[PDB]
Every structure is written in C-alpha cells, then in structure tokens.
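S.K.: For reference, the structure I am asking about is given below.
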Protein chains: 2
Amino acid sequence: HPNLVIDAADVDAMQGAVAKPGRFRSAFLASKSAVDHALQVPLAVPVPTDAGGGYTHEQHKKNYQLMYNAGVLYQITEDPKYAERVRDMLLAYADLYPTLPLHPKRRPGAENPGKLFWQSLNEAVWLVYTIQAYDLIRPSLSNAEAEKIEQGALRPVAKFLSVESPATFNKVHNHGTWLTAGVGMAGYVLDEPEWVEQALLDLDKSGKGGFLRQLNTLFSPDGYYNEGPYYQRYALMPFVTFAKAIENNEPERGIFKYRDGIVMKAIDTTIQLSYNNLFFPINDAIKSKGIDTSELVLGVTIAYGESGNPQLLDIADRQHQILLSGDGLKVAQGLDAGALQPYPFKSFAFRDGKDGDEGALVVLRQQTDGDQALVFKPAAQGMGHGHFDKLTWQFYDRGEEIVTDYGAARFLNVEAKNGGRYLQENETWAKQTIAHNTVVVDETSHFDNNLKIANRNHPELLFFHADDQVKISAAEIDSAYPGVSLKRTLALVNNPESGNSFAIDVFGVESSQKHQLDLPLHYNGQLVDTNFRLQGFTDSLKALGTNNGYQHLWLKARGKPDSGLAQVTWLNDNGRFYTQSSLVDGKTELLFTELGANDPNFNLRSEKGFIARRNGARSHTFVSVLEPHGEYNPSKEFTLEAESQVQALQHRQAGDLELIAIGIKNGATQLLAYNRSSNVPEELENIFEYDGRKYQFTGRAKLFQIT
Amino acid sequence: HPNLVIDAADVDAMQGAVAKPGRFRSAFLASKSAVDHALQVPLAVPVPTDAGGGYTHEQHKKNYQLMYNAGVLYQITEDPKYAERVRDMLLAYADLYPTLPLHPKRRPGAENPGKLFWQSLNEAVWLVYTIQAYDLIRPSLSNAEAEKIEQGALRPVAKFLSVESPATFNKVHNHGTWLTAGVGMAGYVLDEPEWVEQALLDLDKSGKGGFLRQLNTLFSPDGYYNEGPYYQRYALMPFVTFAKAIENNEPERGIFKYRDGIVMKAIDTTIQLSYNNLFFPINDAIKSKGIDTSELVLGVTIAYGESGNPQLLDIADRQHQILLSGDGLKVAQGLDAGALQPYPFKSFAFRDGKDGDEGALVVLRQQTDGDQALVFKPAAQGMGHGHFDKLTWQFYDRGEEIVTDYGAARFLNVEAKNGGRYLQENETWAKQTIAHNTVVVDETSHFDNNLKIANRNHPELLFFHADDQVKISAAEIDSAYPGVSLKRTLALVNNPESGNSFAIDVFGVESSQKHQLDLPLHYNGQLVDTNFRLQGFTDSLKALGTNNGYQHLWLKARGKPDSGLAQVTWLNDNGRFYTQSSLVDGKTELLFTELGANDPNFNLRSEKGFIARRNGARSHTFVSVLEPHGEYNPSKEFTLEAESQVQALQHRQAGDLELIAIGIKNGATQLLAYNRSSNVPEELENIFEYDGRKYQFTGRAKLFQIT
Ligand SMILES: [Zn+2]
Ligand SMILES: [Zn+2]
C-alpha cells in the first residue's frame, strides 16, 4: 500500500539493495538497530501537558519519527513486529485524541492552538510523518483496526488542521504548506479526493489559498522562498513531500513541471543559500541550522531522483545521511558508483517576489583568498518573519561569519526559554534595523515598524555582475523613510598578484531634510586596535537609546576620529585579522556597543559592534573597505601582517563611473572602477582619468593595479 | 656534521625513507615545497625595531624556523641551495648582531631585554633553532665563512645569553631552560666544553642553577612542571632538545636515566595535562594551546625513539605533524606499520614540588557518559605565573570546557595589544581568586596577592582515589587567609543503570571569626533557568566591587533563593544542559556576573558566572552537585531531558563518613558515601544508616542506588 513519497516500486528496489554491501545496506542496518532497540521500550503516548522542548511535545515528535521509521522497516523486511508497534501507537492515539482539549500550554497570541502540541504547526508535521507510517503499515491491519485508527486519530487530526482552523489552512505561508501537505496526503491514503482539492485550492476550493497558490506566490522565478533561507528549508519538506505524493497518485497533474519546474528550482536554491554548510541567518533564523537538516536531505534525494544530476551527490555526501527510500537508494547508488561531481556554489542575484521584481537576495562568492561570501539583502519584507533590514549585508570568510546578522531571539525547543517560542526581544531587538548592518535614520527602524507598508515596499536591484576578479551589486529603496533615498553598492574583489581580497561598501543617503544617520557594523571577533582615541566606559554602562532596539545596546565607548581614514581592526577565531577602513569627515562618531541592555531574562547574546553616527546630514555617503589580512596561528605561534595594509582610501565620481582607490603599504594602489547606470552591456567601453593616466575597461566594472 | 637532536645516523635513515612512499615522504615533500617557495623570496634580516607580534620580531622568528628547516633539507637532499640560503642569512646576522643596541621596544619590567628581540626569551629560542641549523649546514662552509658566522653571530648570542645576563641564566625557571639549552648545544657545536658544563651546572658551576638543578627542581617525581601545563610544554622543548643532544654527544651521562627517568616522565605528563587536545588553562595560559604544539610534537618523537611505546603513536596521530628527524621517521614508520595503541589518559594526582609534597594537580576522568574531566588544583603557587586559586576546579564534558578557568589576560603575538605581553588585567583580574572557582574570603585573594607568602605555602592533598564508578579527591589549606581553614573534596561519579554522571563538590570553611564567603562558578554556555526569582538589571550596570578583581565584574543580576535547593541551568554548545544544584540556607545570595568592568582597552572577554555569597559566617559548608543532562540537537531538532533530574539534595555526616544523597526524578536516589580520613586501606569496612536501611562498602568511597 505505500503510495505517497514511497511507492511499492521503491520498496522492491530497497529490498534488493539491502542485501548488498554499500551505503544503503549500512544505513538500513543502522535504522534497524535503532528501531529494534526502541521496540524494547514501552509505548509512550502521553496526555499533552508541555510546551516546546517539554517532555510531551518531544515524546510526540519522537513518536512520529519512530512510526515512520518502523513502517519503512516493515515494508523492507516484511517483519510484523514493526507494523505491530506502529499499530499499537496509533490505537493509543485513536483513544487519546477524541478526549483532548486544546493544549494547556497553548499561546494563541503567538501561534494557533493544537491538541497534541501547544501549536498546530507541530500537529501538521505529526500528520505528514504519521500518514506515511499508516500508509506504510496499512496492509498489516484488520478492518476494525484501520477504522479505529482513521476515526479516532487520522480524520480528527486532518479535520482539526483544516475545516476547524480554516484561516491558517488557506494562508499562503510555511504553516499553510505543512497543513495542506498533511491533509492532501491524507486525502490520498483515506480515499478523500475533496481533501486533495482543498489542499491544492483551499477549503472553499476557490484558488485563493492552497498548495498551488503557495507555489505561485512564495517562490520567485529563481526558486527563492519569500520568508528567507531558514524558513525556505522548513517549507521545503512539505513541498517536496506533497509533490512526490502528487506525482505517484496523479501524475497527469505534471507537478514537477508546474510553473516551469519550480519545485526543482526551489530545492536547488535552498542548497545555494548557505556558507560552510549553514543557511544564511537572514530574517527569523536559528544560526545552527545547516544543509544536513532533514528537509534538505530529503529534497536532495527527490531532486536527484528526478534529474540524476551528479552534482547533487556532492551535497548528499556532505549531508552524511542516507535515506531509506527509492530516491534515497538512487543517491546511495550514485555515491557508491563514484558518480559524484562538485556542486557549483554561485555568485548570484536570487530575485525576490513571485515575479522576481521585488528586489533580490544577492550572494557574492570568491575562492582566491579562501572561501568567502558577501551576502547583500535588498530583498522584500518576507512577511511576519521578515526583519526591518533593507540593504543590510554579511561577510563570511575562512569558515566563519565575520560581519553578522543576529537571526532570531529564540532558543529552539528550550522550554525554559518561553517554550522555545520567539521571545519579546525578537520584536524589540532582532527585527529592528539597528540590529543590522544598514543605515538607520533618526533612531527609527525601516518603515517605522509598519508591517503592512513594509510588506508592500521593496528595494530595486539596480545591477548585479560577477567575474573572476569583481563581484558587485547595487540596490536602492526610497520608501524605508519617505523623503530619504537609500542606495548601496557592495563589491567583493580580489587581486591575483597579492592573493588579497577586499569587500567595498558605498552607501549613499540622499534627503532634502536633515537626519541623524547611523550605520552599524556588527562583527564577530576581538577588537585589537583603532586609528583614533578610544577608551571604554569603565565603571558604569548605560543603554545607547530608548526605542527601536537602541534600548538593548550598551554603549561601551565613543570615538570621534579626525577627518580622513578611520580604521577599526579586530581578530577572528578563524586566524584572520579584519580592518574596516572608512572615510570620515570629522563630524562622524564611532560608537562601540555590546548587546545586553533591557534584557531582564538573559535572552540576548553579548554581541559586539560599532556604529558610525553622522548627525544633521541631508546627503551623506558612507565609504568603507573591509580588509581580511594577515595570518594568526596560535598553534605554531606566528603572526603575519597583523597591521592593516590600507594606507589611503579615495572615492571619486567620473561621469557615470564610480572610482574607489585603496592605497596599499609597500604595494600597488587597488582601484575599483564601475559603471553606475542601469543597463551596461558586457562589451560597453569605459575610460576615465586617475592621477594623470588613462584607464579603460569593458562592461560593469574592473579592478586595476596602479604601481 | 649534524650531532645534536639530529645526527648522521638519523640523516642516513631519512635519506632512504624519502624514496619509499608513506607518511615520512609526504612530510618531506610538504616541507621541501614550503622551503623552496621560501627560497624565492630574498632574505630579510632587518634591524630589530618591533615588539612581540610586530614585523621584525616575527621576521626573526621566521628566519630561525627557515634556517632549521632548510638545514634539514640540505642534509637529506645534499642540495647546496638549502645550505647556501642558511649560510647567507647567518652571514647577514654575523654582520648585524655586533652593531646592535638593546632592543628599542625593550620592556625590562616584564622580561629581560634581548637584541634581536624585545626580550631575551625569544633570543634563546632563536639560538636553539639556529645552532641546529648551523650544525646541519657546517660541512658546506668554507673556513672563513664558519669563522665569521661563529665570531659575529653565534658566539655573541651565546655570550649575551649567559655571562652578560647571569642572573636569568642561573635561574631555575622556563626562561632558564631555554637559555641553558641553547648555550649547551653551542658548546657541543663550537667545541666549548666549559659552556656545556656551565649549561649543566650554572656559570659558577656551583650546581645552584643550571640544567641538572632544573630537572631536579622544576619537576615533581610524577613529571609535573611547577609552573603549570602551559609552561610545561614550553620548557619541554629545550629540556628534550638538550637531553637528546647530551645523549648523542656524552651518552656516559645517561641523561634519559637521570633522576629515575624524569625527562621521559616529563614528556608523558605533558600529554596527560590536556582534554580534547588542549592543555588545562591553569596559571598564566593561552586557552588555544594544544598537543599539536611543536614542543610536544618533538617530545613525543623523542619519547617514542627512547621507549618505542606504541601508545605514543596515538598522540602522534592526533598531532598530525610528522617531523623530519630520525625519531620522527621512527614515529612515521610505526604509524605506517599500524602499531598504534590507544593512549591512556588517567585519573591521577600529579604531585607538585621537587619532592612531590607541595600539593598536587588532580585530574579525575571518566568515559561512561562521554569524555569527562574534573581538574582540581590544590597545587603549589607556581612562581610568578601562578594564579591565586587554591582548591579551584574546572569541569570538561563532551569536548568543551564547562566550568572554566580564565587563563591569562594576554593576546599572544598581537602587537597592538601591548606587544603580545601580559596585560595589566592579567594582574588585576586573571590572577585574582575571584576569577576562579574557589572560595574568596572578604573580597580578598588567597595570600592577599602576596607572592612571597604564596610561594611559601601550599595545600595538603588529603586523599585521591579513582575506581570505575567514583573518582574522588580532597585537599586543604589553612594559610590562604589568617585564621581560616579551607577544605574541599570533589567527586566525579557515574551511575551504570542510567547514563547519568555528577560532579559533587563539598567546600568547607572554618574560622573563629565571621567573614563574607564567595564561591564563584564561572561557566561556558547560555543561562536558561533558575528555580528562584532572577531578573537582570535593565538600565545600567555597575562593578560588583572595588578591588582584587571585583572591579572587573559587572553585576547583571542578584537572587536570594529560599532555604533548600537552588538550581541554575545553562545550555552549552556541545548539546548538553548543565544544572548546578546547591544547598542554600536562605542567607546565601547568588550573584550573576559578566566580565568587562574597568576594562578601558577592551582587554577582557565577556565571560559569565554566578557567585554564591554568604555573609557573617564563621564556619560554612558549600554543598553542590553539577549535573550534565539531556541532549539538545538543533540539527535534527529534538530536545531530551532539558529539565534537571535532581529533585532533592542532602548532606550528612556519619562518623568518619560523609554522605551526599541526590534525589532523582522518577529514579533511584544516588547516594555518595566516602570516608574522610587520610588513611583508608582498600579492604577497610564502612557502615552507615540512611533512611532506615544499613549500607556497607569497602575502602574509600562508594556510590549507592537507593530505589
Ligand atoms: Zn536579521
Ligand atoms: Zn587561572
């Protein structure tokens, strides 16, 4: 009876593969050992009393996982003990569920209620796994056992998640995707076709919500999910699960061709939104989440099963987790056959919006100086999970996040931390603009915290270009603060001769009115030196400000460099020094902060940053260069080039061109020249004059060496 | 000509091994590649201008490293390009060194000056490496080149390091070992036997100083170096280097048998004083230093060449660094031959003092619940790098430091941080007792920071016992504070029935006068719960105190739990929760701190801790249990047992016995019973009554399960 993600054909293929040495057999033996041990322990289907991370919540989660794993073993081995365990647990659920009220630890202000769980989302995950387990063990049951499980457990849960909470079922968000996927698959297993249609087109079958609306709205043409990478991988699992079930049940729907293969694009982009295996922590996001997460392990197997792309074996190899499925077997076989090819992590502008015209998530990468990623976020809001952070950036180098995004104020599945829920400081700190590396006007967050306006306004991607020496993008938004135009261009560059790299930042603010302008740099590392006088406050600390996140920042020190070049140098665990060299006009303060004020429940990390503060400016440009330099090896006990190699910095406008000149110690000046305007063909010619000589280049941009 | 660590026998064996494939050939090729690349850069022997971490400091360090490596490559390849580079660098040193003043960035308060370097310590390392390089390339030289090199560089350096700085040269400390090693090896190479004898017996050759006194004084009979693990590995290099040269030139001295084989013991104990490859950060210490440090890579090859112990190959394998020497070949061959045997990290009391009577460094390990180490420090002062930390402890679990020692306030080889020197806050914070996990009386450090009193006093180790279920040690000191006695016993225990483990702490304070008593607990991880009301200060922070390190702690929160059981729970990145359960009397405050006050140069990390404070006590006992519990997996997204499983705690005396009974939720109480007397035969019988039942055990201690 398996006919959801796994079908009978997959079981027969798995049965043959299990008795041949290889990755698949070894994964099978490991699952079998674990399930056999778990079968020794009595079933635990407790009355639900705990919130996220609590015993009842985690036990119910463990139950769905065991029921799925045992069902897979039952199909492969034909051993009845696996089905009997799944049956006994389902009979227990069938007796418990009808008697359950809404969860005692429900918090409806945060999320909709569940019966098994504090929130409906976990119940939806439970249905997605449990329906598959039932589908896998259904041939083992008597008719009365099936009827009791369906009438007491499966149908009441399907009803609870759909007709009984219809607003969320018809919503176009990850929570909707989980609910639609579970009820739709239940429609297939229990022969309820209307449930499949309700999953695809909403409860009214209108078309306004449902699975198809989600695929047409939440993803851009580049496969980029509007809520961001961390919820991208989360929603991926019900997308590829229900899509695999649609293809096995109604292949005439052409689900894997729908919207020009959007399901495959979505899988691939999920992989791309990572560095050193971790998803970029933009918007609401837990920084530990990586590509070995179960949703992307599954997604890769499904995409490899559809395409046979050997590049996906590279990812599967890094995930270190063989799945007991037909597609999981295909992955295991390609790996055993040596078919692996490297996976191409791209510099790319992943467009945002269903039509691709609501900004973009830009990733700039280069390997000349090690693994480096500059992540630029001129993206749309991302809805409730979105941060108020237009044009913010991050910088990754040598395995580590150097210029940082906080992610969410949330301790996942830690019940003592408010049931693992999003904390108050996720609104008052983590979402605020001052928590990001982008301009804050008048100590006020972008859109002044107005969700509806934020949801309707987005930056415009002006351009993106990437070649071997220059990766560069610019974007603009005039709606973050009406009357203020915010424009940023960021370049990731490398010089082949030196082996050196730079991140270059040109942040232009233009207003007809005077404003306070803050540009934070939140960094990871230890402050080691400054160009200018800086002594920290010594016997008391006070918060930087009063609202919009400023109330959480302790002010540790205040500097006001003389006009010219300001330099801030820190040292990272990864063995590198980082110096930001910025142009200051003598009216710019540098405020050094530590996160942790107005934090009575110890909910925030002691993160460090410095803010460039320019008061009373109508128009201002923040020009800066981030220089990774030197080597620090505390094991062999040597240090090289600990001092910044930048001596001078100049920024000039030359018609439609922007020039950034970086003077290097005992070295040639690095001169970034790029064309500023919208459309620039690849062979367009440019010249300009710098220091009495003439320079010429084709296309968007060129880095010159001036000896 | 090579006759020091490397002799001609070694060279011959290496030459035949570099043709055959294997670990040695791969190391050779990697070295040859690095040096060949170095040879294409012209030599740089600059006039010394910078302090530690600066250009000339790090260049002169690069130079001795390259001279040694190029010299070894000369001997193996017989290719004069390597010797010619070494020759040309030494001729530049011969011309430069006699013109040199004392170093312009000398800081004679911190360390004695050098000429090549700001301190003579680096000059001694330079000599140790360079005398070996000169020895390796000598047969390539003309007599006039040899005379110029010896007259202008080698002899002036050796003379500057001995007769011109005689106090330090005759000193018995790590600075002394480096100086005497270089001069003694110069004595062998330049045929100055008086220098060899001065190296072994001091300049006046009295025997008060010198290398034999160092081996007889700075190590205990257990091979524990008095200054601590971080300086043990430092001194280990000159110790084993000179010893190996002595054995190759004067094997009649039997140096590897001297003092019951102290050198081999010294190597083995250096390996023992680590957890997950890092040395215990006690006394002045840099936390990143681990067993791959060059001194211990060398010491392990030399011990393997002496003893052939296949267990040393385990360490070598973990170090991942084959050495181009005769011993390093033998190590590579044994590894290739698959002779590796697991190295045994033991529970052990490493005695302190020349004769092993000045306290001890006690390490308790178990493996039942993962890799765990309890480090207890009832040790001698350790001279000027010693910390004021009698009876302090650390806890390590699942790869991480959980209960912490700060180590030193110093940024090794970062010139912008005071030349990589020990910083002011090393004295005012890192050495202070409040920075450690031990009792502070009246906000005053042990011995009141008086180094002369501290050097004359040490705790007495009372007992130490390790079996598979209980590891336990106790010690006491009555001289840390006038009229106050301090006694601590620490136990590491495991229960087989559950996978559970506990660290048990009983800290007794006895005095005829009332005092304020502080017991800090410095922890690594995120605070997640308390069983008593705790709200952090929200709008400002102020230092906890005014002196002896209290001026560096921000007080973030204050709690006063009710009489009974206090519980503090934090979450560590290793995926485990930790709960300290402590007995409190309603009069004990718990103060939550963050390091960072009075730190104007950003010299301190933001470390966290909590302090149990009890005022007006004459005698008081701090009883607590540290419980690692649960699993936190944010990749798979599950949590198990996040809540502490301790329900109750009781401490009782029963004659010569102490009882600690730990109530477990849904579990048998764990009852630790141990005899307190110094003398306890293994077959001694103990009997006590607890809750109506009678219990008996043989020997020192036993953990009982009470259902
Ligand atoms: Zn964010
Ligand atoms: Zn210390």
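To be explicit about the labels: the chains of the structure tokens are called A, B, and onward in the order shown, and within each one the residues are counted from 1, while ligands get numbers from 1 in the order they are shown.
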Residues of chain A within 7 Å of chain B, counting only C-alpha atoms - could you list those as a PyMOL selection string?

M.R.: chain A and resi 53+58+288-290+293-294+413+416-417+527-529+535-543+597-602+634-636+638-639

S.K.: Which residues come within 12 Å of residue 388 (chain B), counting only C-alpha atoms, excluding same-chain residues fewer than 6 positions away, as a VMD selection string?

M.R.: chain B and resid 282 to 284 377 to 382 405 407 426 to 440 444 to 451 453 to 455 457 to 458 480 to 481 548 to 549

S.K.: Of the residues B:23, B:390, B:614, B:665, which is the one nearest to ligand 2, using only C-alpha atoms and all ligand atoms?

M.R.: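 Looking at the shortest contact to ligand 2, the residue is B:390.
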
S.K.: Would you list the contacts of region 93-109 of chain B as a list in words, taking every protein, DNA or RNA residue within 8 Å and counting only C-alpha atoms, but skipping same-chain residues closer than 5 positions in sequence?

M.R.: residues 45, 47, 48, 49, 50, 51, 114, 115, 116, 117, 118, 119, 148, 149, 150, 151, 152, 153, 154 and 156 of chain B

S.K.: If you run DSSP over the backbone, which residues in region 161-362 of chain B end up strand (DSSP E or B)? Put them as a list in words.

M.R.: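 Secondary structure check on region 161-362 of chain B, strand (DSSP E or B): residues 219, 225, 274, 275, 278, 279, 290, 348, 349, 350, 351, 360, 361 and 362 of chain B.
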
S.K.: Export, as a JSON list (two decimals), in the first residue's frame, the selected residues with N, CA, C and O atoms.

M.R.:
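Result written to out.json:
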[["chain", "number", "residue", "atom", "x", "y", "z"],
["B", 219, "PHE", "N", 60.50, 19.80, 38.18],
["B", 219, "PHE", "CA", 59.59, 18.68, 38.05],
["B", 219, "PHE", "C", 59.46, 17.95, 39.37],
["B", 219, "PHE", "O", 60.44, 17.76, 40.11],
["B", 225, "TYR", "N", 55.49, 19.78, 35.91],
["B", 225, "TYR", "CA", 56.28, 21.00, 35.91],
["B", 225, "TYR", "C", 55.62, 22.08, 36.75],
["B", 225, "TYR", "O", 54.41, 22.33, 36.62],
["B", 274, "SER", "N", 45.87, 17.50, 29.45],
["B", 274, "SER", "CA", 45.05, 18.05, 28.39],
["B", 274, "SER", "C", 43.71, 17.35, 28.36],
["B", 274, "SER", "O", 43.53, 16.26, 28.93],
["B", 275, "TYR", "N", 42.74, 18.01, 27.71],
["B", 275, "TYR", "CA", 41.41, 17.47, 27.44],
["B", 275, "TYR", "C", 41.04, 17.88, 26.03],
["B", 275, "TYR", "O", 41.21, 19.05, 25.65],
["B", 278, "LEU", "N", 43.59, 20.06, 24.18],
["B", 278, "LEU", "CA", 44.02, 21.36, 24.68],
["B", 278, "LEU", "C", 44.57, 21.25, 26.09],
["B", 278, "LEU", "O", 44.01, 20.53, 26.91],
["B", 279, "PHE", "N", 45.64, 21.99, 26.40],
["B", 279, "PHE", "CA", 46.17, 21.95, 27.76],
["B", 279, "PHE", "C", 45.22, 22.63, 28.73],
["B", 279, "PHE", "O", 44.58, 23.63, 28.40],
["B", 290, "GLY", "N", 47.47, 23.59, 22.38],
["B", 290, "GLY", "CA", 47.11, 22.18, 22.44],
["B", 290, "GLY", "C", 48.29, 21.28, 22.12],
["B", 290, "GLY", "O", 49.40, 21.74, 21.87],
["B", 348, "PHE", "N", 44.42, 10.85, 37.99],
["B", 348, "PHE", "CA", 45.71, 10.83, 38.65],
["B", 348, "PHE", "C", 45.87, 12.11, 39.46],
["B", 348, "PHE", "O", 45.33, 13.15, 39.10],
["B", 349, "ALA", "N", 46.58, 12.00, 40.56],
["B", 349, "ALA", "CA", 47.04, 13.17, 41.30],
["B", 349, "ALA", "C", 48.50, 13.38, 40.94],
["B", 349, "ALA", "O", 49.38, 12.61, 41.36],
["B", 350, "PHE", "N", 48.76, 14.40, 40.14],
["B", 350, "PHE", "CA", 50.12, 14.81, 39.79],
["B", 350, "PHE", "C", 50.68, 15.64, 40.93],
["B", 350, "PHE", "O", 50.27, 16.78, 41.14],
["B", 351, "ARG", "N", 51.62, 15.07, 41.68],
["B", 351, "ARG", "CA", 52.16, 15.77, 42.83],
["B", 351, "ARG", "C", 52.96, 16.99, 42.38],
["B", 351, "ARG", "O", 53.54, 17.00, 41.30],
["B", 360, "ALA", "N", 49.22, 19.24, 44.73],
["B", 360, "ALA", "CA", 49.07, 18.36, 43.58],
["B", 360, "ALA", "C", 48.15, 19.03, 42.57],
["B", 360, "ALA", "O", 47.38, 19.92, 42.91],
["B", 361, "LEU", "N", 48.25, 18.55, 41.34],
["B", 361, "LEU", "CA", 47.26, 18.83, 40.30],
["B", 361, "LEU", "C", 46.51, 17.52, 40.08],
["B", 361, "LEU", "O", 47.11, 16.52, 39.66],
["B", 362, "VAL", "N", 45.22, 17.51, 40.39],
["B", 362, "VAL", "CA", 44.43, 16.28, 40.41],
["B", 362, "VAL", "C", 43.49, 16.29, 39.21],
["B", 362, "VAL", "O", 42.73, 17.25, 39.01]]
